[PDB]
2 protein chains.
Amino acid sequence: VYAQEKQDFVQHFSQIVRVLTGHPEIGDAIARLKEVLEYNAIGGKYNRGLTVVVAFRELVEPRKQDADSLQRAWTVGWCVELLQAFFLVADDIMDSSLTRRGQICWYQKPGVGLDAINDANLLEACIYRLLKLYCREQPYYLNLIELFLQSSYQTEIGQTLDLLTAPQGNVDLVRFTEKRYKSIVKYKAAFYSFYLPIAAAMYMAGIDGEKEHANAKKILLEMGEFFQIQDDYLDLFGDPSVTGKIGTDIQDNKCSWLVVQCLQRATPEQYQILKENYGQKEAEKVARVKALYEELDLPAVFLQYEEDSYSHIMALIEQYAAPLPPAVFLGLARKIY
Amino acid sequence: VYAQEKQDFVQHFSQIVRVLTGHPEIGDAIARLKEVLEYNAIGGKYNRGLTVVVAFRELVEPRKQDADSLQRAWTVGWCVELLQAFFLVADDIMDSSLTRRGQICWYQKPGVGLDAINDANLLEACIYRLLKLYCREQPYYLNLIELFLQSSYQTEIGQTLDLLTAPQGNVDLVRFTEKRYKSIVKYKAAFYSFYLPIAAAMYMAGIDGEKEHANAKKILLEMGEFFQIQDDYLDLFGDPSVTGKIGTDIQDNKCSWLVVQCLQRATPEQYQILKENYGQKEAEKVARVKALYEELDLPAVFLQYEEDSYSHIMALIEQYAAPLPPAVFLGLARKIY
Ligand SMILES: O=P(O)(O)C(O)(Cc1cccnc1)P(=O)(O)O
Ligand SMILES: O=P(O)(O)C(O)(Cc1cccnc1)P(=O)(O)O
Ligand SMILES: [Mg+2]
Ligand SMILES: [Mg+2]
Ligand SMILES: [Mg+2]
Ligand SMILES: [Mg+2]
Ligand SMILES: [Mg+2]
Ligand SMILES: [Mg+2]
């Protein structure tokens, strides 16, 4: 479903850049915007943006899937990729990360630095520019603006919770609880990751019912929770040649799923080893935390969690998919699991 | 007009915080949002936010100025103050500034640092939260969302131009031209400063005509240009106990109105003195640039410019105010001149 549709979606990016790139006085700023778009919105798997297009084609009647409607689906897809690019550029600064999508983080590039804050804001502004340029005369225009703005607010509340729970050089393991973890992931990852692209396709298809959006959200928020838990696992146990990024969760004192699982399994001595080595820059201290995680068999605990989560989401698809075609959620589940 | 209306406007901030402050799981994030709002949206002159309220009362018929309409005017006023707070928090980071509104910059506060990037994003999100909570059922709802989003995009293009023209440790005086300066100020300051609050009051009053908005923009963009030129002057020649902020334009290699005026008046020897001392941290080098500016009588050049600008804007009010009451623009001109 995502496979052949990927080519046409990635090919549509050049049009998005052309349409986004009022006198020649702002020429140097438009060139900088092009540079920011090319560096930060290209190189990923495009799964969020592709989900708009795939879901659009499964929800809209083929007679209504005209050339202009497809153009709008691809643009709304790229709007979701731009929301993602805005949050990642800012998150890389705030998490002091080194690489993203197999290249150095935009802010780490010589000559960029903290100018990346405004670049991230420009990426966010491009979304509403594209929605006006392509969807202004559509009946779902306000639904889409409100959806992107709401997704941005919920993600930012999540980021606030993430940063509050991880104060630099302030190790407080008591703060790292299961309830706190579930709250962080729900807001920072679950709304914008899967609910935003499906909801966008739903509004474009004329599906604006409250109960239909609530039912889709019940499946999608659980898939978003799994996705962030997997993200936390891959921060330490993933192959950076596959993830395209270097992990910083232990160094940054994050309330990771791994530290939460460690804490509910650690002995008082193991707890002390974690206490002495967590939230610190020293490679040797980070290695001690990873050693403790491997000793507590957190990779096998995660493998069991992935299996239990998959079955749970599948049970939710059976309960809540109707009247939407279950393929909408199944295609997405196959992509993230 | 602004004087007695200031009290009711500032008193309405506690309501805005209460309405903005969905389970208790995000409680710590809401407390952080309250902290960010109190530190970054309070302490200024509130002229932009007050302009919405003052213009609303002068454009709307008194019979239609009911208790609920006034509540919406105050909220839209505070939305403009929040847009300003979002841009200033990020601009202080990017300009490496020390103080703002008589206190240390939010990002310079111990324990905040680069977390301020997400805080600035939350301030921007609060705008659209308030517009939905108070103006969702109003006929001008979409006009206001589009206005705030457009103002944000234009401001960001301006910031891009500002940062591009000021690369750190890269002194290139040839880039500092009058045409480049006019382009920067137009985008980064003129749209969001005066056009945004008057346009908001205009849409709330049912004034949505293209020609009426274009005529108001012709007056207001010129007032915005003056305001940024005055801002650049006060960066070096203003009293920080009145401005509430320490100047960084010379240290940051900015395309200031002062450097542009210096360049069109400097001898080849004076040009070399500027070349050797501009865009550098050293207090002695900054003092040499200020000495050169004082030698070229840039404070008197600015005083003449303020006089010529005032008369020009007044001539524009005579040409373009109609059918709006000229008091709308006169009250604003008395406040900034
Ligand atoms: O890519 P990362 O950086 O691993 C992340 O998932 C990026 C991200 C950014 C913004 C919102 N949610 C997740 P994080 O939470 O910082 O681990
Ligand atoms: O307050 P400042 O910092 O003097 C400024 O006017 C703040 C500002 C921020 C964003 C957009 N326009 C002006 P700047 O341009 O950096 O001189
Ligand atoms: Mg990160
Ligand atoms: Mg992060
Ligand atoms: Mg991560
Ligand atoms: Mg500044
Ligand atoms: Mg600045
Ligand atoms: Mg300034």
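Reminder, nothing fancy here: chain letters follow the sequence lines and each chain counts from 1. Both counts, for ligands and for their atoms, begin at 1 and track the order of listing. Values reported hereafter were calculated over all heavy atoms of this structure, with side chains retained and with hydrogens, waters and symmetry mates removed.
In summary, A:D95 places an N/O/S atom under 2.8 Å from the Mg ion (ligand 4), meeting the contact criterion. Residue side and main chain included, B:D162 places no N/O/S atom under 2.8 Å of the Mg ion (ligand 7). One of the N, O or S atoms belonging to B:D91 lies under 2.8 Å away from the Mg ion (ligand 7).
For B:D231, the N, O or S atom closest to the Mg ion (ligand 8) goes by the atom name OD2.
Here the straight-line distance linking atom CE of A:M223 with atom OH of A:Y195 works out to 15.0 Å at 0.5 Å rounding.
By the 4.0 Å N-to-carboxylate-O rule, B:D232 lies too far from B:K254 to be salt-bridged with it. For the pair A:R32 and A:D119, the salt-bridge criterion is met [side-chain N within less than 4.0 Å of a carboxylate O].
Remark: side-chain polar atoms of B:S97 are not paired, donor with acceptor, to backbone N or O of B:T99 under 3.5 angstrom.
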